[PDB]
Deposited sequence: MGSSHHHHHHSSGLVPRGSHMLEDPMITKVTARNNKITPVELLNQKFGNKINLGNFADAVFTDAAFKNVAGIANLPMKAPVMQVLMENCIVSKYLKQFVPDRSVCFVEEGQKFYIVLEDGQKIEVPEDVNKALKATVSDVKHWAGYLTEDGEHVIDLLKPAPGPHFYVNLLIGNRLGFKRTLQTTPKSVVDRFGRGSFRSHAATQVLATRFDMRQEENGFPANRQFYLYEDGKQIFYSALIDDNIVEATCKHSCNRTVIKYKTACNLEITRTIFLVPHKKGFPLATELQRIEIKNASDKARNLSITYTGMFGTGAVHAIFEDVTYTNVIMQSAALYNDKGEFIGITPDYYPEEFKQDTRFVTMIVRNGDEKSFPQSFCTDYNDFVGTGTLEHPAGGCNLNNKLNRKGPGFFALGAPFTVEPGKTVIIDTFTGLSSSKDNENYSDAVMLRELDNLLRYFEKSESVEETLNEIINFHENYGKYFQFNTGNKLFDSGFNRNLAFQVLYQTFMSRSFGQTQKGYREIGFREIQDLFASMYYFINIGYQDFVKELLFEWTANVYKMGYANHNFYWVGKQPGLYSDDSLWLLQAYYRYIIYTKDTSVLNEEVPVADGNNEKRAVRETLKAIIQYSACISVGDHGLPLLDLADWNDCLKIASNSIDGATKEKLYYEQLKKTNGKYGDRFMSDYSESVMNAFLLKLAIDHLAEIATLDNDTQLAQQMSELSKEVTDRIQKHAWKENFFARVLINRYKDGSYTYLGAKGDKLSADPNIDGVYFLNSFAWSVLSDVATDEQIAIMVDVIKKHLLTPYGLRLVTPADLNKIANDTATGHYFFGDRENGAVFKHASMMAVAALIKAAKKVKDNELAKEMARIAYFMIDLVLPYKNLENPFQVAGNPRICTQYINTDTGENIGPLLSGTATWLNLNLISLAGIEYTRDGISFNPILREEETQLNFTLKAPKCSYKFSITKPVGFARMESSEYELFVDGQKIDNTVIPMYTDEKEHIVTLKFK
């Protein structure tokens, strides 16, 4: 009797119904937004001719003038705007082209001003400049990830602090494990990582509120955000003529500092002719110690703690701390402090509030009722809300600098802990940043650390956006994922520890660490993983012996480390495949790796010959290597004749990782690779990339709609593993025509993963332009989070492998697979005791050493041997490759 139309419908879209109605009459261009005027969907309102896909109608409807303008046409009939000349017209379906009124014309020119840049843009350094007024392509697009630095300090892996910062500075900030410094929010929307107050502040002038850092109002003229490598800067310009600048970053560790400390510097310049008397109120919510109780018992979280005030030597209030009664929540101690600088004169906040209800009162968080006058009451209960108030004058031209210090001390660093330990460490901190210049110096310390960390591998291509993306941005993400695994990002908030299989992240970061003299730290990591085999850990281990794969990955870390350093003085993967030929390929590589490890230190050389011939005989099911080999009852899963498909047109399930790992372990013969590549291109290759698996009815042996995650998505970690295999095969195989095709697919799939290209057509693609995301939805092509993904690790490994580098017993095996369009490729490479300056020239077309003729020069002299040795002479070597 009653109908149900879901979002996924073979039905027509607004833009399709715009073309069906106005296609022949007006000129619509390559792109055009539109929206339905009614709930029955019979009519549309649209705008013709945009420079890209964008939600222009959405932003148009925010203007009241345009909404009320359409009232005399919609919803009874359909309409479309058209930009003939510089004056806008409205087209009715009954012919007439009416010239729109001047106020309606005012909006339409302003709205369609810079649609090509609505998603922001990248600098030459790969920083994302964002406009706070424009809409987001998705929940991760305007997000930045910050990280501390605990290198050369006790337990780096567990203690290094971490925080997430969106374009308005919103989010949350953590110390060791899941310990919250600022409150994380566990609500219905991805967009809300933190409690809304976190990091925000108000400014008042003579009683009235004139500013709120999370509210763009009529008084704000310019408002931009620049996300960069390990800091975020947000600028504003008011109509009243103030230039406000927020800078957020995490403090790197010094002797005697708190375990976790986040710094926000707020500059305020008075650009007008007269001086102004203002006041700041800085707000935020501390995270609870009793995180589980937020669900089981919110009233418990409130009664177990109380607010406390902090005072220096001179009896001056400096800030607020939450004080807990239970001993288990006393092992961490939080704080927030403020320091107002006014040229020479440092000062502290003169008022405070610690009850959200009292602070907001009659109003809202954007316009509190009790915001100017704070009541200075310490709350007997939680939650740990705070507001720190201070007045200041700013003379005309001069700038007032306000520095905040939110943070945490902990028993995990200090033996015999108490709140007294936090009090010592907070003093150290406030002493260190006494002088104003101190903060700008520590920032440049951070900036330089990363610029210098990235120097291990630097592409000098023509495309500046690729170079910065790889040299700064990707390098950083791979660093970030070494410490954090998949534990903390925008939407990744709940308890995921450090995962055993995220040792994978080390495979890429290892060479970067060693080359800034942290070979010690790389050893420290290896052993901490080696200690466990277990499936998870942080301080102690969780879900022990759960997954079959975990143990096997460890060998690949040791192998990579040992081979690079010559240091012998050291000694299932799919989370939705509940029912392993993959593990056979891991073990085979693990056996053959340790064979190479032992020689450098006959048992394993023989063993691999047995271990291989087990798989290739029984696991090779005619057309494709199997995935799960059932010997329990249905003979197998993952080939021709498994009898487990959910597609009339496809015979069987085909797992991409069965191909990938057969090649990576050197099991599959050239005949088998050429057969699997044809299977891959038929089914697993889509317009949006290589998908993880073909359709399959696992009920006879889901959670997501088709396209998301496991049900047929382009899972980018798995697809980068396939590219790793394709690149390996394109170097080795006999057939050059196959080699060409495998490199064709590798570079095709790389262009769908490189973050910077997300800014080409961003309201379709989304993702994040500086940070690799998890998967591409195969209905929309939308890059979906989280921002923590093995994609980056393997994207890093792959680009370098394409560039030619491959570390072996004798040194570097150099075998570059350039793009068919590229004629030049240049990159600097570092080694522990030397450097290299690589430079490859080739004619247009496919070229590799196994087929094409070439000359290979190292410091003049011309080696026919493709291996380049690891020099220890402390000098930049010039390597040149000329393909004929």
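- Unmodelled regions of the deposited sequence, numbered from residue 1: 1 to 25, 558 to 563, 603 to 645, 654 to 688, 711 to 716, 749 to 752, 821 to 826.
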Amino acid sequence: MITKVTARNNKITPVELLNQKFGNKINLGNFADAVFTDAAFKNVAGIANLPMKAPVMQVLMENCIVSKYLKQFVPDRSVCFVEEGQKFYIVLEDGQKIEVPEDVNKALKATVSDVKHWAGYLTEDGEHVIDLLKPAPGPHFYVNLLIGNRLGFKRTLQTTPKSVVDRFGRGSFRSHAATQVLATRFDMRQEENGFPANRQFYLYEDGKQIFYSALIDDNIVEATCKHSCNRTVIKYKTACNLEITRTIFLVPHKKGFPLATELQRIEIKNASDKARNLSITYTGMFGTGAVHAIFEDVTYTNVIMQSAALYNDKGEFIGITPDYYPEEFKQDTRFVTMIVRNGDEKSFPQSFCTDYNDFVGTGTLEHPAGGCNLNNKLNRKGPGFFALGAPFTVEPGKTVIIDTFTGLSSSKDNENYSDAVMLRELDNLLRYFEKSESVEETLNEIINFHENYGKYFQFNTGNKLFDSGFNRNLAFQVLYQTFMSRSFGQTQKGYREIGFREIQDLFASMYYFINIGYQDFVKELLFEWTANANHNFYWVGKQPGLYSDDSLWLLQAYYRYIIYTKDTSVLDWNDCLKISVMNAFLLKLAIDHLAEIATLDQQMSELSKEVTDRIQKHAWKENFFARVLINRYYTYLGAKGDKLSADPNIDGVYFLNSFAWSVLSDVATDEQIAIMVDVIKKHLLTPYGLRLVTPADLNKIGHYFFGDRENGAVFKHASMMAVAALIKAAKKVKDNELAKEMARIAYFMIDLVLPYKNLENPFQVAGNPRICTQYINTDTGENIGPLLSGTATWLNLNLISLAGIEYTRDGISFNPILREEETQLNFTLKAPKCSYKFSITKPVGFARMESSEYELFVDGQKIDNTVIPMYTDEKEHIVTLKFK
From here on, numbers count along this sequence of modelled residues.
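- Higher average CA B factor: 604 to 612, of the stretches 281 to 289 and 604 to 612.
- For the pair 765 to 773 and 388 to 396, the mean Cα B-factor is higher in 388 to 396.
- For the set 629, 146, 746, 802, the PDB entry puts the maximum C-alpha B factor at 629.
- The entry lists C-alpha B-factors for 122, 589, 336, 788, and the highest of these is at 589.
- Sort the modelled residues of the chain by CA B factor and residue 169 lands in the lowest third.
- Residue 39: CA B factor in the middle third of modelled residues in this chain (values from the PDB entry).
- Annotation for residue 4: C-alpha temperature factor in the middle third relative to the rest of the modelled chain, per the entry.
- Sorting the modelled residues of the chain by their CA temperature factor places residue 691 in the middle third.
- Residue 199: CA B factor lies in the lowest third for its chain, per the PDB record.
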